[PDB]
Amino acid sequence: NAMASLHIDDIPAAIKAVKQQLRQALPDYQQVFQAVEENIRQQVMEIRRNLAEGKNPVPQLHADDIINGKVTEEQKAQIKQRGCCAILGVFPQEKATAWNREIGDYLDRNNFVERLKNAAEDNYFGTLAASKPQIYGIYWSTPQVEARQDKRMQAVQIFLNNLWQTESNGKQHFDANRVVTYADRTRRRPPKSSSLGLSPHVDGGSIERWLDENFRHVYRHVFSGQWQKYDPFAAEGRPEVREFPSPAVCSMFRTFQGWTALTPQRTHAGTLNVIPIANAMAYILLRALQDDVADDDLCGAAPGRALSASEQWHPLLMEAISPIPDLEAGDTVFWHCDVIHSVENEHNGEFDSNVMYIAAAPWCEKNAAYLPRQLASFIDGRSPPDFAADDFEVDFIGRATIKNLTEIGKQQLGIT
């Protein structure tokens, strides 16, 4: 892994060398950028018109329609263009509401906040992070384990993964019909809380999208100027990309990140914002090559900092920010791994806005390789390897175990 041997202080020199190579290979970088900008602008004006009409630009589907095979080709096309989808009714509302209360009880009974405070660093940043937590480092509550293995959730993830072009050159880059579980955290945001959550960003790499030759293969049609051929839903190359090692790195390739609502979700009540433009990354990649950007800079992209879109460098994309649709408990929302997103700053609702992080991850060699060490952490109750080794749940009363798993649950965790 070339990104694994790049020293943090050599990044500016690396960027300078790679930017000169990319501008040399794409000498019309300005004209190509302006062409891509026009394509982005048309999508922006459609999204703004949707919002002005009272329509949310994020496609919405019912889980029943996915399960029963009723989704139209036009709906699939809209999802691929917008890069995201709310899927309603994955879980019965009553089950999700019981899950919400059960996570609360699990956190309360086991003194989560006192443990977090006790483990925090004795400095301003340590105290700050532990004071009023919104993102909870618990992985193995019974609601999380049950939601991940649910057979309706599985069918929804298989549907999302089948939107991708999974095969090219004789090779299946992932098996869209097989799901694996990626354990992750849960969020509880109280009314009137501020957010220190990150500004509009894309997870899964920042400087590496330019500096890593595997990432550049994923974006080859962008860097060659043939941007109309760039397909966000092409799988080829994505399991092979290389990241700068840091706590931001996910060991699995996730096709879609996702939220499962434990409570109703509403605009101005701590919900999620997205920019529903699946090919926005093509604009971000080319923007950093323009003449008003310093030779050693990629518009602020930094190691360990999710790639951010900003009013400074990407004001056109900021014009397309949209809240996700209203959701009820048991609904879900998913967004393509390249889709820019950020939680809302405002929560003026009456109750805590709570979600579980549950992504879609297809079977591939990369994701299969993470299952054994993830499984070891489930067995122990430890944090999974991609997270801080808080290991809060090692002695939590009520932590889920293998007894909670169905056969599907076991397969998705690599137990069978």
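Throughout, we count residues from 1 along the sequence that is shown.
Trainee: Which is higher on average in the deposited entry, the C-alpha temperature factors of 407-415 or of 2-10?
Mentor: It is 2-10.
Trainee: Mind pulling up the entry and telling me whether 65-73 or 33-41 has the higher mean Cα temperature factor?
Mentor: Taking the mean B-factor of the alpha carbons in each, 65-73 is higher.
Trainee: Out of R148, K132, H221, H341, which residue has the highest Cα temperature factor in the PDB record?
Mentor: In the PDB entry, the greatest C-alpha B-factor among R148, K132, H221, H341 is found at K132.
Trainee: Highest Cα B-factor in the deposition, which of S141, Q172, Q257, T186?
Mentor: So the option with the highest C-alpha B-factor is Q172.
Trainee: If you rank every modelled residue in this chain by C-alpha B factor, which third holds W227: lowest, middle or highest?
Mentor: Middle third - that is where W227 ends up once the chain's C-alpha B-factors are sorted.
Trainee: Relative to the other modelled residues of the same chain, rank the CA B-factor of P362 and answer lowest, middle or highest third.
Mentor: Middle third by C-alpha B-factor.
Trainee: Using the temperature factors of the C-alpha atoms in this entry, rank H347 within its chain: lowest, middle or highest third.
Mentor: Middle third by C-alpha B-factor.
Trainee: Quick one: classify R373 as lowest, middle or highest third of the chain based on its Cα B-factor.
Mentor: Highest third, going by the recorded CA B-factors of the chain.
Trainee: Sort the modelled residues of this chain by their C-alpha B factor and say whether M356 lands in the lowest, middle or highest third.
Mentor: It falls in the bottom third of the chain.
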